[PDB]
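Below: one structure, written as structure tokens.
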Amino acid sequence: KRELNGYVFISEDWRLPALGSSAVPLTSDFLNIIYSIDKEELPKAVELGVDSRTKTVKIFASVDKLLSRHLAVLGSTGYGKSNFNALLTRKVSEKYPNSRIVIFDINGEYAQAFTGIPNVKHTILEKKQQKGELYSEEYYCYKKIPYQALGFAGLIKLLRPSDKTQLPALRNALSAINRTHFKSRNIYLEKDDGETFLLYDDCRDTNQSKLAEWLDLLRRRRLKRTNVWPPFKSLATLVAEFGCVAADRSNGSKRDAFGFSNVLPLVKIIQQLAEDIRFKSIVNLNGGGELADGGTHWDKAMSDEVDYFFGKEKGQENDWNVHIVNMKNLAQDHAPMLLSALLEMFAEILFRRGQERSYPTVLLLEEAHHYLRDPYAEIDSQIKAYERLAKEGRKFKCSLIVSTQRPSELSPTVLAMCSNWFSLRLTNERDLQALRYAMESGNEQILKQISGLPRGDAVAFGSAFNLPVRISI
Amino acid sequence: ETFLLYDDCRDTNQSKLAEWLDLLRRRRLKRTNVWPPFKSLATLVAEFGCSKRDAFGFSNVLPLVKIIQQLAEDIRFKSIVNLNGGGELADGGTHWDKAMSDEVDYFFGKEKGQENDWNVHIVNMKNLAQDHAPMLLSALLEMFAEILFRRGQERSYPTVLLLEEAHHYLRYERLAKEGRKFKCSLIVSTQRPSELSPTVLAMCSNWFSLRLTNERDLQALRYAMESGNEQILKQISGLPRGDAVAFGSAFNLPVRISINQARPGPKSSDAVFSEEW
């Protein structure tokens, strides 16, 4: 209808046309009027593309409500999905140079087209340029992660003890890591008064009538602290030591073969995992760190790495705006177990940070089905972690962008939290059926159209768009 | 005389534990007056699961002790529920009864015939994680039902209960079937009616349906409707904002009305990522 100011469109379907009325099609001006957006969204809008039917009208979307909730992109990789993601990220970056975006890459394609943007870094798993300088190739730094961040629960999960009394032995061993004195091959210390404490390396029966009280005073925690982080082999020796000793009734010792028989799988798996090339190249197992007093050392060993990957809080200056994490030298076996461990820690840090200080964040995880779902197990531990991360993501300032190619393999609960959908061509039936089951703002016509979309054509529907439309880009 | 207990299957003082457990089961020991810490269950299970503590029967109870010790040091879980104890214990066998009754009386009001203070209660749970809401909320509802049964018909008081976003934890069902008998009412709010059990939608007598779009959700509504026709279900697929269709025992004929605005409204706080950039 025409008002004193201009043309306004109203969404209601309770009025019907009169009998005998003539019908005419619509021109470019009417499409412009219909597909427009409110005036208050003009400063917050971004160009996205043009419709594939008429190629005459430009369609804009409010960033605030597009990224306030979660977002998901579905399609086939290599047919324009990567181009769409790169274009969306690049267009987001240009409007606000002071925006923070983190990208978890799988193959080295997303870093190629991001050149010419201030505050761009790289990571593969030296020379640093000044602030404001653009980005070119051959400016890639190197880094890796040590095992101090995995934590008590992380080591428990990786070792997966599932027999006998292995669990209590591991708990006792891991409770005595801050008080392990290590040298080239000698683990011993003299006392302050003058008494000398010694340990042996041979696995033989020697003066074990006092080894029980040695471990007793170790558990009592009245022994000297340490200032260097012990190497990875320390836990193997510690777990081997426990369970082979016993307390005799009077002046004796016992070498129980059953205890060593029960313990041997742990040392076997530890030594098998220690010797590796595809794994040993990511985990810094050497140790040689620095400790802290007070007994609270676990928190910082994770906080520092969370800060390194994702940045600092408000009020503390940061130098990077876009941080692509390019990973290629990771075997397909260890990806779901290592990558999924990087998100629970981020969720915990987000909880600890609180509402008082927080910074807007955009995350662009790619190939979700590779690490969100373990392909050689049925345990849904990753499901709980992901859903807790998503739940905390809306309470605080965070937003995810899921990007997969085989929607059937994804858990059906994953698509529940998303609010907007971008879809490409799909050449299967199971993926379409999965899409229809767990979607919102549906329409049968677009669902039929998406079966035979050509190259470069995508559909969009959600809370941001008032009327679903197909765009070309 | 005192005897100690450990966890790591220690081969220490394995001579007289059998008579200790025999006397414990025979109920001839001394009773305490303080609540033990929650972590003691791990040691109790370790002791009861094995004149020598064999390691073959211990393997049969590994998952239970593992889970109970895993939940012990989880920071999120212990921020909502107490795990320290230290309370008064009465004399007899009614110690659980008061422990449930006092908390239930605190939460869901007091018994009729006694003075009360509040008339409207708002329970705010934003710090509770989504991985733990079902268990705690279902436990609270079960406690409420169990306390309701033994209070009696003549001692009950009317109560209206609102349950927002109810499909997570209503998915045991004593409340929905005894609410009428024990003078209690429920209001259900859910944006996905399919997840709700098919037997809970039948007891409702009035319906206030806003706009729905998914095809599966609308089919579940047709299955359990009892006071409506197919002529009005077509309007739901295109209802504008603020409009609703109502039908039930309180309406002579189905109607399509536009709801008013409440002043003051609720806190619709929404995060803005453009002002801070």
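Labels for the structure tokens follow display order: chains A, B, ..., residues from 1 in each chain, ligands from 1.
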Rows by chain and residue number, segment 412-465 of chain A within 10 Å of segment 41-59 of chain A, shortest pair, only C-alpha atoms, as a Markdown table:
| residue | atom | partner | partner_atom | distance |
| --- | --- | --- | --- | --- |
| A:456 | CA | A:52 | CA | 9.5 |
| A:457 | CA | A:52 | CA | 7.2 |
| A:458 | CA | A:52 | CA | 9.0 |
| A:459 | CA | A:51 | CA | 9.5 |
| A:465 | CA | A:59 | CA | 9.8 |
Problem - Surrounding residues of residue 260 of chain B excluding itself and chain neighbours under 5 positions, 12 Å, only C-alpha atoms, as a list in words - result: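 So, after excluding close chain neighbours, the residues are residues 241, 242, 243, 244 and 265 of chain B.
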Handout entry: Sel. of helix (DSSP H, G or I) residues, segment 63-231 of chain B, as a PyMOL selection string
Key = chain B and resi 63-70+77-79+95-107+133-151+174-178+193-195+215-224
Kindly assemble as a Markdown table a list of the chain A residues that lie within 6 Å of chain B, each paired with its nearest atom pair and their distance in Å to one decimal, using only C-alpha atoms, sorted first by chain and then by ascending residue number.
| residue | atom | partner | partner_atom | distance |
| --- | --- | --- | --- | --- |
| A:164 | CA | B:59 | CA | 5.1 |
| A:168 | CA | B:8 | CA | 5.8 |
| A:441 | CA | B:213 | CA | 5.6 |
Output N, CA, C and O atoms of each residue in that selection to a file, as a compact mmCIF listing (two decimals), in the first residue's frame.
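Saved file selection-v6.txt follows:
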# COMPACT_ATOMS: atom_id res chain seq x y z
N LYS A 164 40.98 -54.62 36.11
CA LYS A 164 41.61 -54.74 37.43
C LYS A 164 41.61 -53.42 38.20
O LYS A 164 40.68 -52.62 38.07
N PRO A 168 42.85 -46.93 40.38
CA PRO A 168 43.46 -46.35 41.59
C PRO A 168 44.96 -46.15 41.47
O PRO A 168 45.50 -45.16 41.99
N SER A 441 10.98 -23.17 9.59
CA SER A 441 10.53 -22.26 8.53
C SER A 441 10.56 -22.96 7.17
O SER A 441 11.17 -22.49 6.21
Exercise for the section: Tell me, as a list in words, which residues lie within 8 Å of segment 349-355 of chain A, counting only C-alpha atoms; anything in the same chain fewer than 5 positions away does not count. Expected result: residues 303, 306, 392 and 396 of chain A
Practice task
Would you mind listing what lies within 7 Å of residue 246 of chain B as an MDAnalysis selection string, with only C-alpha atoms counted and same-chain residues fewer than 3 positions away left out?
Solution key: chainID B and resid 207:209 254:256
Selection from above, C-alpha atoms, as a PDB file, in the first residue's frame, can you write it?
ATOM      1  CA  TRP B 207      -5.207 -25.040  23.753  1.00  0.00           C
ATOM      2  CA  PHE B 208      -3.479 -21.751  22.894  1.00  0.00           C
ATOM      3  CA  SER B 209      -1.453 -22.384  19.734  1.00  0.00           C
ATOM      4  CA  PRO B 254     -13.209 -21.670  18.236  1.00  0.00           C
ATOM      5  CA  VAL B 255     -11.927 -18.117  17.852  1.00  0.00           C
ATOM      6  CA  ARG B 256      -8.915 -16.296  16.385  1.00  0.00           C
TER       7      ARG B 256
END
Problem - Given only C-alpha atoms as the counted atoms, nearest of B:152, B:67, B:140, B:80 to residue 103 of chain B - result: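 Comparing B:152, B:67, B:140, B:80 against residue 103 of chain B, the winner is B:140.
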Handout entry: Within 9 Å of residue 250 of chain B using only C-alpha atoms, minus same-chain residues under 2 positions, as a PyMOL selection string
Key = chain B and resi 205-206+247-248+252
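Take the candidates B:179, B:134, B:158, B:85 and check each one against residue 110 of chain B using only C-alpha atoms; the shortest distance goes to B:158.
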For residue 1 of chain A: contacts at 12 Å, only C-alpha atoms, fewer than 2 positions along chain excluded, given as a PDB file with N, CA, C and O atoms, in the first residue's frame:
ATOM      1  N   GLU A   3       1.589   4.998   1.347  1.00  0.00           N
ATOM      2  CA  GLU A   3       1.399   5.879   2.489  1.00  0.00           C
ATOM      3  C   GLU A   3       1.880   7.287   2.141  1.00  0.00           C
ATOM      4  O   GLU A   3       2.309   7.562   1.014  1.00  0.00           O
ATOM      5  N   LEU A   4       1.801   8.190   3.122  1.00  0.00           N
ATOM      6  CA  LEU A   4       2.286   9.551   2.913  1.00  0.00           C
ATOM      7  C   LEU A   4       3.800   9.586   2.752  1.00  0.00           C
ATOM      8  O   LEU A   4       4.332  10.489   2.097  1.00  0.00           O
ATOM      9  N   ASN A   5       4.506   8.621   3.338  1.00  0.00           N
ATOM     10  CA  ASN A   5       5.961   8.573   3.253  1.00  0.00           C
ATOM     11  C   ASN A   5       6.429   7.722   2.077  1.00  0.00           C
ATOM     12  O   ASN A   5       7.209   8.188   1.241  1.00  0.00           O
ATOM     13  N   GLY A   6       5.965   6.476   2.000  1.00  0.00           N
ATOM     14  CA  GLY A   6       6.330   5.614   0.894  1.00  0.00           C
ATOM     15  C   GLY A   6       5.553   4.316   0.838  1.00  0.00           C
ATOM     16  O   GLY A   6       4.378   4.267   1.213  1.00  0.00           O
ATOM     17  N   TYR A   7       6.205   3.253   0.371  1.00  0.00           N
ATOM     18  CA  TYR A   7       5.583   1.944   0.225  1.00  0.00           C
ATOM     19  C   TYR A   7       6.029   1.033   1.360  1.00  0.00           C
ATOM     20  O   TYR A   7       7.227   0.922   1.638  1.00  0.00           O
ATOM     21  N   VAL A   8       5.067   0.382   2.007  1.00  0.00           N
ATOM     22  CA  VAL A   8       5.333  -0.548   3.097  1.00  0.00           C
ATOM     23  C   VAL A   8       4.679  -1.881   2.763  1.00  0.00           C
ATOM     24  O   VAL A   8       3.557  -1.922   2.246  1.00  0.00           O
ATOM     25  N   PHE A   9       5.383  -2.970   3.058  1.00  0.00           N
ATOM     26  CA  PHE A   9       4.894  -4.319   2.812  1.00  0.00           C
ATOM     27  C   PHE A   9       4.451  -4.943   4.129  1.00  0.00           C
ATOM     28  O   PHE A   9       5.108  -4.772   5.159  1.00  0.00           O
ATOM     29  N   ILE A  10       3.335  -5.664   4.090  1.00  0.00           N
ATOM     30  CA  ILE A  10       2.753  -6.280   5.275  1.00  0.00           C
ATOM     31  C   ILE A  10       2.568  -7.766   5.008  1.00  0.00           C
ATOM     32  O   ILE A  10       2.109  -8.161   3.931  1.00  0.00           O
ATOM     33  N   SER A  11       2.928  -8.591   5.990  1.00  0.00           N
ATOM     34  CA  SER A  11       2.869 -10.046   5.858  1.00  0.00           C
ATOM     35  C   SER A  11       1.625 -10.557   6.579  1.00  0.00           C
ATOM     36  O   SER A  11       1.632 -10.786   7.789  1.00  0.00           O
ATOM     37  N   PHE A  30       8.847  -3.609  -7.972  1.00  0.00           N
ATOM     38  CA  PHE A  30       8.061  -4.325  -6.973  1.00  0.00           C
ATOM     39  C   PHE A  30       8.917  -5.323  -6.204  1.00  0.00           C
ATOM     40  O   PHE A  30       8.753  -5.479  -4.989  1.00  0.00           O
ATOM     41  N   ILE A  33      10.849  -3.338  -3.686  1.00  0.00           N
ATOM     42  CA  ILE A  33      10.021  -2.976  -2.539  1.00  0.00           C
ATOM     43  C   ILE A  33       9.820  -4.175  -1.622  1.00  0.00           C
ATOM     44  O   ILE A  33       9.922  -4.062  -0.393  1.00  0.00           O
ATOM     45  N   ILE A  34       9.532  -5.341  -2.203  1.00  0.00           N
ATOM     46  CA  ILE A  34       9.166  -6.508  -1.406  1.00  0.00           C
ATOM     47  C   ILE A  34      10.365  -7.025  -0.622  1.00  0.00           C
ATOM     48  O   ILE A  34      10.267  -7.306   0.579  1.00  0.00           O
TER      49      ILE A  34
END
